[PDB]
Amino acid sequence: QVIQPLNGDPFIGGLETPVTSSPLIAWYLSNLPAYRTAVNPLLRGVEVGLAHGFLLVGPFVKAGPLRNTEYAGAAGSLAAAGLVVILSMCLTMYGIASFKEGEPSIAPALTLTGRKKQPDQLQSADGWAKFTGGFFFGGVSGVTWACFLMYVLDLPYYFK
Amino acid sequence: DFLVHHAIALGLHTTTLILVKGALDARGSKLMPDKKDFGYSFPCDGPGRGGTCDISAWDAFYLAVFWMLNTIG
Amino acid sequence: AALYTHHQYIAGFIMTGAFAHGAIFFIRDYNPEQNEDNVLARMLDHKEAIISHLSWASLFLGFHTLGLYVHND
Amino acid sequence: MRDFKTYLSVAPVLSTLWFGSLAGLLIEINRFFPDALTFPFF
Amino acid sequence: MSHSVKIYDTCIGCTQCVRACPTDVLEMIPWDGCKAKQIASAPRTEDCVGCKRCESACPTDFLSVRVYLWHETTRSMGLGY
Amino acid sequence: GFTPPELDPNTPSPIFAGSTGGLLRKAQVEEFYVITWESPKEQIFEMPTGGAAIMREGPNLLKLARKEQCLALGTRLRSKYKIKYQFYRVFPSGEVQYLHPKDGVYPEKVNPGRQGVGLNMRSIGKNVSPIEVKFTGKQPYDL
Amino acid sequence: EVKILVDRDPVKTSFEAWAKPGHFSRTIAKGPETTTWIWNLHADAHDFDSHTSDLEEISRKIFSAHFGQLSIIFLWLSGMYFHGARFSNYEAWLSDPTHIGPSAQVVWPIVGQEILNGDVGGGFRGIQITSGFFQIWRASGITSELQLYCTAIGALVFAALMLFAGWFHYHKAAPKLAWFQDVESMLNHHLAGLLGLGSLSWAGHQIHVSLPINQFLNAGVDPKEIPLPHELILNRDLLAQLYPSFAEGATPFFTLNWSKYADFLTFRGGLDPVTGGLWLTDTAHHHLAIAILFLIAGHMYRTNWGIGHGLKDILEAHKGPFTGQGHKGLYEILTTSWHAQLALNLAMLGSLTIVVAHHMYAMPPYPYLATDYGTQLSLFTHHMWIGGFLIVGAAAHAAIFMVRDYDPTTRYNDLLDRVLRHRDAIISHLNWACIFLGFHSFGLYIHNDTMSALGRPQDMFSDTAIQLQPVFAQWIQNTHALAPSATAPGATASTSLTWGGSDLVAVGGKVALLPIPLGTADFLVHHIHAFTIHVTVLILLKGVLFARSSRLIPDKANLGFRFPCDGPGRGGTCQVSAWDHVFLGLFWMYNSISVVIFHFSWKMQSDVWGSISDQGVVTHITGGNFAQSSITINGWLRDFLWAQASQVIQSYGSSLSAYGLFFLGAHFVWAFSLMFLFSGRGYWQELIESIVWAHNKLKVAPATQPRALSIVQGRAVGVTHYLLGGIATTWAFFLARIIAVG
Amino acid sequence: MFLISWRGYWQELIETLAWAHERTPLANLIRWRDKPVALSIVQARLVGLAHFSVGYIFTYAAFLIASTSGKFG
Ligand code: CLA
Ligand code: CLA
Ligand code: CLA
Ligand code: CLA
Ligand code: CLA
Ligand code: CLA
Ligand SMILES: CC1=C(/C=C/C(C)=C/C=C/C(C)=C/C=C/C=C(C)/C=C/C=C(C)/C=C/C2=C(C)CCCC2(C)C)C(C)(C)CCC1
Ligand code: SF4
Ligand code: SF4
Ligand code: SF4
């Protein structure tokens, strides 16, 4: 018996599988910033923005229309920053669409074992707003750091 | 020119047939005597009575748009 | 060429809309009690003859035009 | 034999016989009077 | 905010409209206008999906049960999610 | 005076190995349905959410997401296994609404005490034309 | 226990059931009340599972229908052999295969159709055939029309025997149910007696007849002066002159000195330079080895004697932790359901047909087959279409099994239950795979088209641009090119000429096969192929899995396998049945096979087919434009459709004008299908009401009340006419293009 | 595909897509406010007709202008 019902419940639309409920996979998912409920959403947003803005620079620089010119390092990186300016904007709209000022967090207040848990502040107006601001700051910081590493400090790289 | 003008007449007559049938059966027919109670645009009347797809006058307009496009083409 | 094609497609769409809005009038605004034995109610009285004669004209035109074209080909 | 004649009287078999006879007549007419565009007998 | 299911007086009394309902909208109530001494009724049209199985089994010349599609909810759109 | 049977939360559930067709977020933010029946023998039935389950002897309770699923399962139980079934609707607030037999008797057969809703005392062709109901909220079939 | 269980005279041979239409079921034998009954009479004619609930009568009807199909196939084969004997230029084609077009059909001189009798060569006027029967007959050693006449007479006799057997095994001596459920003996006999003994007999024919006759033909000997095939059997020295090992008899076989037979049993590989096909010695050794393998593979399953394997025990022995009880219960499912067997066999036969088409194009097994470009194109396209149709029918009948023959109360399988429990995960993952493949396969074409239209050719996904090279396929080609060096030292040459090297076979100034290059264009087309196949799989598997129930209709199995809808409720429940999933997947199979055959045609016309000059240069048909043009949709529209349609639109007034007429008619039928596909029944019924009034006015309305076609029948007519038109268009276009220039 | 393929297949596909989004880690954080459903039958007919008409007009306009501008006469 490797495939179990979802938390012993066969009438919930899901299953327990080694890809779903492995201890290593559960640990890795729990240590991600999006699942750090007790931490300030500003810090988790900063981390998420840093990672995503850092990874976004590469495709824009290497596959942009100016990838074979001198302006490959700057303009494509700028495009990555522009995407962050788009992405956070989308997040902001989500924060206005879903959560209201007067309502508390809508995150689940229980765990798998059924014990009482403080709900995550991310699923709230203030929490999502702080998360989006941290995402924007981390995104622009990560784009700047990627540009500094590849083209300002001139670290050796394979550049794909 | 004779053949293409007669094809043009065929297209005009067929599009008129579709549109006039929709307009005159809009209020009802033997299959759906109370079509007027269901408005201008409704999907169908279910699979009963043999099947009632494209029974509304809006669907007659939708079918006749294809024939109008073919005629103008 | 662009002007002719543009205005002919516009005219076809507008005629299709004319027939569609006539059907809309029949569903929504037509009053049988105020239109008894009119020239408008008598269309619904003999709608079968109109639709069948339109069907005959379209079928005859399509049959013979397609037959002549296929014969030539 | 009555059942076989009833089967021969059904729609596809009778249609096949009738249309085959008609097609044969038209083909023989087109062989003996080929390339007919007008009616010149009158 | 539900599909409108209406019962007319031409109802014979056959319960096929009720047996053909997958959401328990219709039921059979007593009546006196037919031999069967019963007529259909629609008290739970809030659960009506609009499948029109009820009027696909009505044997009259035209349907004594009529489902008019109307404003749609989560249980009228057949949404399990 | 028929009284609705109360829901028993401690009712055991059929033996099922888990499926992806079960409940979703709609069961949490909105209502979900619960069907209870009484199996006289431990047998195997087919779930409406795909797959097969093994009902246990005695009372059985199953939670589904739609009323149509509950009614389809109940019809299968009544036709194939001849089991009496009742299903309820449960809200996130904990409210339970006893749904299917509104008077303890199946809706197909006539039972006294039912009131007529949506009853029109005319033939279907005697409906009022839409032009006579224009600019009023009343529909021709509602009159 | 495995005996011959047969009941005598179960069904009386009479014409009473001929006189009554629709006798097989009850709702139809009552007589027609409307016109729809007629269509129903042609819809439930071969649905034996709905006529009766007894498996024995269903199985007997299946057996006799198979006999009738075999009789029809034998009749068709007799017709082809007769039309190759009379009304053919096979004897003329034998002398000059590289300049005389094969022809086996002549039209009669009526209404000016005699223009279709084209100058195919060899003093013959007739329709050029592309079925490749001439190559089969040359590979079989047939050098005279009398042999073809004898084969036609024998096939007529065999068709009569099949028809008599079909009548006998249903009306006189019908097998019992336990006779059909003896799957072990059936598998043993069909692996050892049908495939094994058939391969052994064909190897014997190739060794004793095809090899010496083909050696004489390739030696330049005139066909009428070649000794008759029986003369090489009665005279062993005549065969021994060509192959000296025949002087030793069968003693090297019985003494295990098989290496003495290395003159007519060779593992040579490659192609014959004289004929452009596979070596017939290679085919003889191949069929011998296949016969041995099938004969020792047919003594596996258990029967009346205790030795052997039990299929039930083999299935029950395989069960894992993930799958639980495993394959237990599948034997009872497969032995009591004809639809499951039909699904499995249809899938396997469609895949087999597809791999057959690929291996025939890659290795031509008949003499002068590769240099016949029309035959190659026709065979590849035809077997691609057959395979796609059978693969679609596999899911079509798997859905019927799930709706009708599936139940977990009895005949319960754990694997099928676990598949049905996580069907949402399978469908969603396949949906994501389809979206990802569609984007990263077709958006690349859109990107290339936009970059070329914007004047940015350096930004495309081309060979002279951003390169997407198939490194894995090129590595496989390189590995198979050097297979005779290290991995297969017993093979003289490689298994095909389509991998690499300096090898090139050209017969009669035409290229037979070349090392096929693989580049970015092949990469894009192959990923397009994968995307189309995955989408068709998604549609068919979704239909199979949700044929019983879903979150929308929990009681879809009660509605049936083939029903139109469940009304306009739940927002609309149109095409929820699995039959509609098959109807949708038919279009996607058509799309996938059309893209595949377009790829094959353009790639072989640009990089393989062509002509060889006396100096040594090679000039292809389209000049190798596939590498630079096929990467854009505009390239496919212009350099493939527009450029190669000039041979089918200009065929009027010549012998290929029938292809132009079929081009136009197929376009017409494809357009005609859209009327059924886009419309609905209610409008047509309301129009039929007015036509019925017009007929009733003149007392000419029929008693059978005219009714519009049903929703399912309307969809079926639409998809049938759609497939017919869209396939006949490609048929006419391919045939005219490859006959006019090839 | 808005004209040939119809609603139930797409609704049953959207149900599985909604299940996949509700059970995908790092994506259950983002939830829809409006429940995704398939296109309505009349809505899908209109969408298919709009795509059909746009294709008709744009294709013939491109062909006409390109033919009469690559050679003016
Ligand atoms: C569908 C596939 C597709 C692809 C792959 C490309 C690819 C390319 N195009 Mg084309 N293009 C397409 C379709 C496509 N195009 C279409 C439909 C159009 C409209 C006509 C165009 C029109 C177009 C234009 C107008 C231009 C391009 C250009 C480019 C480049 C992108 C530049 C950039 O800003 O984006 C990069 C964006 C990214 C953020 C990439 C995201 C992908 C990430 C890395 C996913 C990796 C997945 C990961 C492994 C998943 C698991 C995670 C793990 C942790 C578990 C690139 C070479 C530019 C150019 O000319 O250069 C050649 C440009 O100017 N394209
Ligand atoms: C290009 C293909 C095509 C064709 C040929 C037709 C043909 C026709 N349409 Mg359809 N239609 C089409 C596409 C097409 N439609 C599309 C895309 C739509 C949009 C959904 C519609 C929607 C539509 C509507 C809404 C209406 C029609 C109607 C008609 C009829 C018009 C009158 C006439 O021309 O009859 C001449 C007949 C023909 C051209 C068709 C027959 C072809 C030859 C003559 C067949 C002879 C048989 C031959 C021996 C083959 C043997 C068969 C077998 C043994 C092999 C005719 C049956 C109108 C109507 O019903 O009129 C009565 C009408 O109400 N059509
Ligand atoms: C070793 C002998 C043997 C052979 C050769 C076959 C061969 C065949 N069987 Mg199988 N079968 C066998 C044993 C055998 N069977 C046994 C013992 C059983 C019972 C367990 C079955 C059960 C069975 C069923 C239920 C069915 C078949 C079918 C078929 C045919 C499908 C393959 C095909 O058409 O290819 C083409 C193959 C040929 C034309 C090559 C020549 C084979 C000759 C003509 C057959 C003579 C074989 C026969 C068994 C022996 C004669 C009996 C005697 C009284 C005359 C094929 C003719 C299917 C079918 O098509 O039935 C009509 C089918 O429905 N078989
Ligand atoms: C996943 C694995 C698997 C795969 C890939 C296949 C694949 C194949 N099997 Mg199947 N099979 C399987 C599991 C599998 N099987 C199991 C577990 C069983 C035991 C129940 C069978 C039983 C079985 C039998 C008994 C036969 C096959 C045959 C075949 C081949 C069909 C040939 C065809 O295409 O028609 C081309 C034409 C023919 C040769 C086949 C003629 C039609 C056959 C005889 C009818 C099938 C009847 C079957 C016994 C159903 C009876 C129902 C009964 C309970 C009432 C096909 C390649 C056939 C084969 O061996 O061919 C060489 C065959 O005879 N299979
Ligand atoms: C290999 C053999 C095979 C066999 C034995 C079966 C067996 C069967 N099929 Mg399956 N099927 C197969 C392959 C096969 N199928 C394939 C390859 C497909 C994919 C297309 C399907 C898809 C399929 C569907 C979609 C359905 C079935 C169903 C059925 C059952 C009834 C068939 C019927 O009544 O039609 C009797 C015969 C006809 C209706 C003939 C129709 C005419 C065809 C479509 C035209 C072919 C065009 C022709 C080449 C053009 C010439 C022009 C013309 C003028 C002559 C029966 C169990 C039906 C079912 O079980 O219903 C519940 C059903 O719904 N099958
Ligand atoms: C010819 C046009 C056409 C197109 C483009 C599609 C598109 C699609 N089909 Mg449909 N379909 C069609 C005809 C078409 N179909 C027809 C004729 C039928 C009748 C049988 C169907 C029936 C049908 C079925 C039955 C199924 C589909 C499925 C699919 C989807 C899978 C492909 C995928 O997602 O890859 C990615 C998307 C595409 C390749 C579409 C083009 C997008 C390009 C590459 C990029 C556009 C650029 C970008 C978005 C920028 C936008 C600009 C901005 C201004 C908005 C996709 C939405 C399958 C599906 O649902 O699986 C997920 C499915 O099961 N289709
Ligand atoms: C010869 C000539 C002449 C004369 C002319 C004429 C006289 C013409 C006419 C014409 C016409 C006469 C036309 C018409 C047309 C029509 C149309 C186009 C129509 C349409 C319709 C519709 C669209 C409809 C609608 C509707 C409906 C549906 C129903 C309800 C109502 C309504 C009405 C709304 C003159 C001397 C001057 C000069 C010289 C030449
Ligand atoms: S298939 Fe026809 S009858 Fe059924 S829901 Fe769709 S339009 Fe209505
Ligand atoms: S509503 Fe229909 S099913 Fe019910 S009693 Fe009336 S006629 Fe019978
Ligand atoms: S439409 Fe369907 S759910 Fe509504 S009353 Fe009729 S049968 Fe019941």
# chains A, B, ... in the order shown; residues from 1 in each chain; ligands from 1
$ select_by_dssp --residues "chain E" --states "alpha helix (DSSP H)" --output "VMD selection string"
chain E and resid 16 to 19
$ write_last_selection --atoms "N, CA, C and O atoms" --output "mmCIF file, in the first residue's frame"
data_model
loop_
_atom_site.group_PDB
_atom_site.id
_atom_site.type_symbol
_atom_site.label_atom_id
_atom_site.label_comp_id
_atom_site.auth_asym_id
_atom_site.auth_seq_id
_atom_site.Cartn_x
_atom_site.Cartn_y
_atom_site.Cartn_z
ATOM 1 N N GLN E 16 -44.005 9.724 -14.917
ATOM 2 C CA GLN E 16 -42.730 9.612 -15.623
ATOM 3 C C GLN E 16 -41.914 10.894 -15.519
ATOM 4 O O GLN E 16 -40.677 10.851 -15.491
ATOM 5 N N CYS E 17 -42.590 12.046 -15.456
ATOM 6 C CA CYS E 17 -41.893 13.310 -15.243
ATOM 7 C C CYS E 17 -41.153 13.308 -13.910
ATOM 8 O O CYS E 17 -40.036 13.827 -13.810
ATOM 9 N N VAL E 18 -41.761 12.725 -12.874
ATOM 10 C CA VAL E 18 -41.110 12.659 -11.570
ATOM 11 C C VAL E 18 -39.989 11.622 -11.569
ATOM 12 O O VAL E 18 -38.901 11.873 -11.036
ATOM 13 N N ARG E 19 -40.232 10.442 -12.154
ATOM 14 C CA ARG E 19 -39.200 9.407 -12.187
ATOM 15 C C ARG E 19 -38.002 9.789 -13.048
ATOM 16 O O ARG E 19 -36.918 9.229 -12.853
#
$ interface_residues --of "chain C" --to "chain H" --cutoff "10 Å" --atoms "only C-alpha atoms" --output "ChimeraX atom specification"
/C:1-2,5-6,9
$ write_last_selection --atoms "N, CA and C atoms" --output "short mmCIF file (atom, residue, chain, number, x, y, z; two decimals), in the first residue's frame"
data_model
loop_
_atom_site.label_atom_id
_atom_site.label_comp_id
_atom_site.auth_asym_id
_atom_site.auth_seq_id
_atom_site.Cartn_x
_atom_site.Cartn_y
_atom_site.Cartn_z
N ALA C 1 -11.59 47.94 -56.23
CA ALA C 1 -11.87 46.59 -55.75
C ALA C 1 -12.15 46.57 -54.26
N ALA C 2 -11.33 47.29 -53.48
CA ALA C 2 -11.53 47.34 -52.04
C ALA C 2 -12.86 47.99 -51.68
N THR C 5 -15.81 45.51 -52.63
CA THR C 5 -15.88 44.39 -51.71
C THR C 5 -16.36 44.83 -50.33
N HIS C 6 -15.84 45.97 -49.85
CA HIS C 6 -16.22 46.51 -48.55
C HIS C 6 -17.71 46.80 -48.49
N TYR C 9 -19.95 43.55 -48.71
CA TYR C 9 -20.00 42.81 -47.45
C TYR C 9 -20.82 43.56 -46.40
#
$ interface_residues --of "chain E" --to "chain G" --cutoff "9 Å" --atoms "only C-alpha atoms" --output "VMD selection string"
chain E and resid 22 48 to 53 69 72 74 to 81
$ residues_near_ligand --ligand "ligand 1" --cutoff "6 Å" --atoms "only C-alpha atoms and all ligand atoms" --output "PyMOL selection string"
(chain A and resi 56+59-60+63-65) or (chain G and resi 439-440+443-444+446-447+450+459)
$ residues_near_ligand --ligand "ligand 6" --cutoff "10 Å" --atoms "only C-alpha atoms and all ligand atoms" --output "ChimeraX atom specification"
/G:427-447,528,531-532,534-540,542,580-591,677,719 /H:1-6,9-10,13-14,17
$ atom_distance --atom1 "atom CA of residue F:25" --atom2 "atom CA of residue A:99"
17.4 Å
$ residues_near_ligand --ligand "ligand 5" --cutoff "6 Å" --atoms "only C-alpha atoms and all ligand atoms" --output "list in words"
residues 42, 43, 44, 45, 46, 47, 389, 390, 392, 393, 396, 562 and 579 of chain G
$ residues_around --residues "residue E:1" --least-positions-apart "4" --cutoff "8 Å" --atoms "only C-alpha atoms" --output "ChimeraX atom specification"
/E:46,70-73
